[PDB]
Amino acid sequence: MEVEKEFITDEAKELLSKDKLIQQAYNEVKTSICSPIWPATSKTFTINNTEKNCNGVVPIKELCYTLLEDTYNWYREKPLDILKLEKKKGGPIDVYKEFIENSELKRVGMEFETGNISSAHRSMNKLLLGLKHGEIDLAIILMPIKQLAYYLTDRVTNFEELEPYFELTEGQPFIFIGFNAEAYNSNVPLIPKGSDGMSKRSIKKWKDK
């Protein structure tokens, strides 16, 4: 899989330029989002393009999550204090990791969005809430680009559609990443939908795993 579109707020730009931990975080993310391949035996991600919305979205995220968790030690389901403790209403953040160098601690919150475009709004708002409350130092959202989305489940989050809203993160360190497949071909099998598209293995939860 490969990164094609991207928006980085001025605050995130600053971090990326002068902070080694953030640079590291960003690189781990980038490598992970580029790792998904299809089919399982391929070196690149070729999406079946027989028709509009022909592919499921779940199997697409597995390799990226696996690398983040197993190779880079990122955790899943990190509850935000303001939601879990304070307002006691709201779910956790998708992916999370604490980077450390001596006395410096950098907490990065991330969301791999393949849900409906409206869900991307909730994901952005939750990360924004965490950022505004000083719980994370950087927020990231990964999502397919419009071209790729065309062959995935209808209405799935896509870079272009959420783009008009990136400006609501102004004043905060935020990175939006849009990925695309390397090839489009009807020769590869369809990414399964529903039950058949799952497995998703035992994940590394922050509560611990």
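Take the two forms, superpose them, and find the largest set of C-alpha atoms that agree within 1.5 Å; that set is the rigid core. Residue positions are given as counts along the sequence shown, with the first one as 1.
In summary, of the stretches 59 to 67 and 162 to 170, 59 to 67 shows the greater Cα distance from the shown form in 4 other deposited structures of this protein, with structures fitted on the rigid core.
When the other structures are laid on the shown form by the rigid core, the stretch among 128 to 136 and 95 to 103 with the greater C-alpha deviation in 4 other deposited structures of this protein turns out to be 95 to 103. Between 147 to 155 and 61 to 69, the higher mean Cα B-factor belongs to 61 to 69. In this entry, 13 to 21 shows the higher mean Cα temperature factor of the pair 187 to 195 and 13 to 21. The maximum CA B-factor among the listed residues 178, 56, 39, 171, taken from the PDB record, is found at 171.
In the PDB entry, the Cα temperature factor peaks, among 93, 117, 138, 82, at 82. Placement of the Cα temperature factor of residue 111 within the chain: lowest third of the modelled residues, per the deposited record. When the CA B factors of the chain's modelled residues are split into thirds, the value for residue 133 lands in the middle one. Compared with the other modelled residues of the chain, the Cα B-factor recorded for residue 78 ranks in the middle third.
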